[PDB]
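Chemist:
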Amino acid sequence: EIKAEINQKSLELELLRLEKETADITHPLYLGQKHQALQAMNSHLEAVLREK
Amino acid sequence: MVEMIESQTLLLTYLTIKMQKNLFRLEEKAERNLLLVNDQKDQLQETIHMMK
Numbered sequence: 054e055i056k057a058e059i060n061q062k063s064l065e066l067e068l069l070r071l072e073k074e075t076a077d078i079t080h081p082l083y084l085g086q087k088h089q090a091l092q093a094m095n096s097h098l099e100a101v102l103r104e105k
Numbered sequence: 159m160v161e162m163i164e165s166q167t168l169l170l171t172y173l174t175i176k177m178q179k180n181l182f183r184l185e186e187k188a189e190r191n192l193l194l195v196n197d198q199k200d201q202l203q204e205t206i207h208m209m210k
């Protein structure tokens, strides 16, 4: 019954290691920052293409 | 009467000893029968953890 708590905590530690490394390309925080940079540049270029 | 009560003492203590030696023999293999089933529990629960 101690083995069950060891092994289940190991699986959570492995899943959180995978999320930690992939975070810049999977996690909505850093994907949200990448989106904001593109959306700011688009909200400039749409205005350049008007004001041409 | 003194030989009568000491004939009841002998009946009681003979029965207690007849029980002790046969009951400890049941308890000894009852723990081994539980251990032989916890061997089956442990490996199956651990195999199920890897498959999860």
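These protein sequence lines map, in sequence, to chains E and H.
Just so you know, we're using the authors' numbering here: the first sequence kicks off at 54 and counts up by one.
Just so you know, we're using the authors' numbering here: the second sequence kicks off at 159 and counts up by one.
We put the beta carbon where it would ideally sit given N, CA and C, even for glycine.
#1: By the criterion of Cβ-Cβ separation under 8 Å, what are the contact partners of residue 204 (chain H) in chain E?
#2: Just confirm the distance between the C-beta atoms of residue 56 (chain E) and residue 185 (chain H), as a whole number of angstroms; I'd bet it's less than 8 Å.
#3: Could you check where the alpha helix (DSSP H) with residue 54 (chain E) kicks off and where it finishes?
#4: Using a threshold of 8 Å, state whether the C-beta atoms of residue 83 (chain E) and residue 93 (chain E) are closer than that.
Modeler: The short version:
#1: 56 and 60, listed in chain order.
#2: Residue 185 (chain H) and residue 56 (chain E) do not touch by the CB rule: their CB atoms are close to 27 Å apart, not below 8 Å.
#3: Element bounds for residue 54 (chain E): n/a, residue is neither H nor E.
#4: With respect to residue 93 (chain E), residue 83 (chain E) sits apart: the two C-beta atoms are not nearer than 8 Å.
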